[PDB]
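Shown next are two forms of a single protein chain, provided one at a time as structure tokens under the names structure 1 and structure 2.
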Structure 1
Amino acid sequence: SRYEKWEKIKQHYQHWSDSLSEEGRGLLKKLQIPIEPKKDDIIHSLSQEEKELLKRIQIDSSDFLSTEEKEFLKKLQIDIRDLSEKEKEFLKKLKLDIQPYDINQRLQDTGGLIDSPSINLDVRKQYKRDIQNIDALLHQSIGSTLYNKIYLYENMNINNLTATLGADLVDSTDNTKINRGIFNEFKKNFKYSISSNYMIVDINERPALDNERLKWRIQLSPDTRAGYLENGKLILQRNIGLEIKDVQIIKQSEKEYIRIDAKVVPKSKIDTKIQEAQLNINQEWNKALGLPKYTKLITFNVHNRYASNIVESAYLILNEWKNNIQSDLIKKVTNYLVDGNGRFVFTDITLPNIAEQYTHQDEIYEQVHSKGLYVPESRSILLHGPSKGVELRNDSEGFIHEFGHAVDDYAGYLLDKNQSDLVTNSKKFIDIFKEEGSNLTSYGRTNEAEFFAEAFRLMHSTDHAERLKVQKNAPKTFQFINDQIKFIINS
């Protein structure tokens, strides 16, 4: 029964609990409840000019802020009151000062690569101290008597794993039901999972919050280390692997959920699978694209809870890429990327924590997290699995947008090989952007490079209506891009 189970586990950990120092207990509380930035500090730091600037900014308009970041900045605005390049620059620096201190989020965002230079040095070092301390606290395993007598439970927002499927998971017609087509897409390549942070799990299953439609049931290993937390919870050691055993729809009080049955396994077992897959997909695509033996183009940087889908979807994404773009274009541009040690990075950690970005972007205010990125300095395409591109149907479309940036790069390279610029920085394209730049997607308005990439993506849609739309509504752009493709292919 529930309370017998709770009693047994609490008692198992009673000596551990009683042995905790005040610092140890304080750290565990710090872990459960992140420390929010103080609005007072921020506002006092601002000058009259910036206060004047912040007062007028339409925060909703920002494309590069999270909902939570927007709320906080909205509250800042509210406390002060009582689209342009200059405004974007100010927000990019200010976004730095508004991050909560959140150990589990730092671990998830970095996949445990906590030296990544994506947060200020002082806080970066404090995270490291705290994580080392918590690691040392968690020395006691669940054991051989309890591991197969108890399940542990975790409710989860599907957007943590895939916001792309999360958009459609709940039946649009009926709150209470799960879309079974979307369910099947979720389940298809979900075979293993990694926890890079400290899982906080319930001893007895609890009702999910409204935005949580995933209900994990987890079997621990006898060797899994953990600590008891008040109110019938365990905190699990970080860096564990999970094998997915079963994924099914369940119904609790007339409301449908996805049950995920998982079993804890050594993380090394899963990491080995990811590394083997990485070699296999490179071997396949080296042969397909006629790349030299031993070329390392594709990288799996995979550390989080939808791990196997990052891997499996990379195959599908590259297939869609090859199926929708001219072969000569794909071969010439990819060879150019490889010549500069470029990578296709598929990842479930945030993009500022990817070396192909941060090695070339020292300033945090210049680092970007997004669905995807092209980094000319490393000739790399980065694609973030869990997020959803706002105007995209699927992840393949995001990859093709980034490949459009690589096309822009190579086309510009061919024009002047010794000083290599983007073709979107040419006079011809700048004039075209200023004329037609509002005629396609909302995001395509951002600047020349994004307009090119968005037009390129739409021109290679599986929806022929979308290619037509570009030709009709942005004819100069359509022609320009086809001219660049011909230019590259005839080189």
Structure 2
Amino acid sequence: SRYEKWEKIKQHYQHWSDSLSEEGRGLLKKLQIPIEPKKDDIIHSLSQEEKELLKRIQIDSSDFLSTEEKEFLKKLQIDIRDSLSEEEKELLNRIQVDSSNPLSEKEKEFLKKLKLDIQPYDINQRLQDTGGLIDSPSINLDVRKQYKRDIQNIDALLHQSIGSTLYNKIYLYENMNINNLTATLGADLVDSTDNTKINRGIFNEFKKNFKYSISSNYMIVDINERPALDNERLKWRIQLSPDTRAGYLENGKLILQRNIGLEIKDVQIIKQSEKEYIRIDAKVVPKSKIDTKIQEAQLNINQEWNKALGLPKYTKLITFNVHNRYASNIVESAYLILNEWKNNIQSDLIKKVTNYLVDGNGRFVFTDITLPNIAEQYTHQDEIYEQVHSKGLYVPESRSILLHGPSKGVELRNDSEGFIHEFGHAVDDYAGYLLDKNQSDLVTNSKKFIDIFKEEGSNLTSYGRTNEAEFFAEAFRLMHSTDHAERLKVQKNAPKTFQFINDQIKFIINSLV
């Protein structure tokens, strides 16, 4: 009985629930229902020029904002635009679809600082974005301190374990949007023509490396399984351990303590009401047990690649910064990503550049927390307005490549292409450094490449138009694609770029040691 199960769990927590202070309850509600920014107040604080700018800006052309930030800005844009006449509005929509032109400098610098003013107060999101590393300097300090306060108080509210009677007598459930874990597989996991069906091949991709999971925020789970909504194709079924701490929430839910591990027991395609879903069976285990598995994998992948790249065995090159629900896939796909990397790029280029990165204590960081909360970025990027979220990043100050697993890259088939793009930036860096080690600049800042960008910059991908550095990186990525057609387009549509990049590669490989 669904209702008896509910009643029995509610009874187990009944004293706890009765004992909550009003401030205790408020905190639990805030956790569940985040506090949104006030659009009207945001808009009122803009100058007339800024309002204009915001009316006509192409938000999805941004390459530094998170999904959440982008979604809020679009809503903000609707309000600002809803006094304009219909033609204006129709034109503004018609122009956005038929062209993805890059943002102007004016547009970009405006969005970068506006970023500071559009953050919701969202405790569970803050924990997921930071993987529990809540002191990370990616938001206002005073807001940071409130989060820490709230989170410490929630931890202290959640002191009562599910206990040895209930733990093996109940399942709990969580419906999940697949994009939350993999935006990349998400785009295809549903059958293209029959969306009552799951793509069997993508399903295998999703399942094959899904062995463990981490929850860094507070899971809100259903006592009784709820029929899936629109965006929900993942249906978790979870077994707690006797010492898992939790609290009861109204309408038959538990909130679980943060920092738990999950071992994946089974992943199956199931049918509910003539539609296909993915059942995930998981068991709660100590997070420490999963962190041990991650650290062992980090040790192994470094040993393997230090040997392959001829680095000292102790070299710390590859880092797993892993804290969220698709953990094991971040870890395992790193192996595949670096395989493709070595497959598609000349061995001497890879060795020369990687040694340069190692020489500056650089890293390959594979992570499922957002890039502003990665130290290899934020320790050199103090200004939140200069902090970037995206699929990947190269940070010259730390000689580090960062790769964010859960998100999906603009016009990138997979994570391997995203890594190779970022490696393009490292090549750009090393090439420029070999020109002048003292005042070390990027080779894409040389006047020659600037001249080449002005001619061929619009001849490859839409994202390549953004600027010299991105153009070089895109050109570099396409020149080393598994697809011969893509290598050929560069040679044919951007022959000076093609030649310039091959020359730099020779210059790099031929520099003496």
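The term rigid core refers to the maximal set of C-alpha atoms that superpose within 1.5 Å between the two forms. All residue numbers here follow the sequence of structure 1, with the first residue given the number 1. Shifts are known only where both forms have a C-alpha.
The only C-alpha among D130, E71, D421, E243 that moves by 2 Å or more between the two structures, given a superposition on the rigid core, is that of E71.
The angle of turn of the smaller rigid part against the larger, between the two structures and from C-alpha superpositions, comes to 17 degrees. At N175, the distance the Cα travels between the two structures is 1.5 Å after the core is superposed. Look at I59: with the core superposed, its C-alpha moves 3.4 Å between the two structures. Its Cα shifted by 0.0 Å, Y198 is compared between the two structures on a rigid core fit.
After superposition on the rigid core, the sole stretch of at least three consecutive residues with Cα shifts of 2 Å or more between the two structures is 43 to 82.
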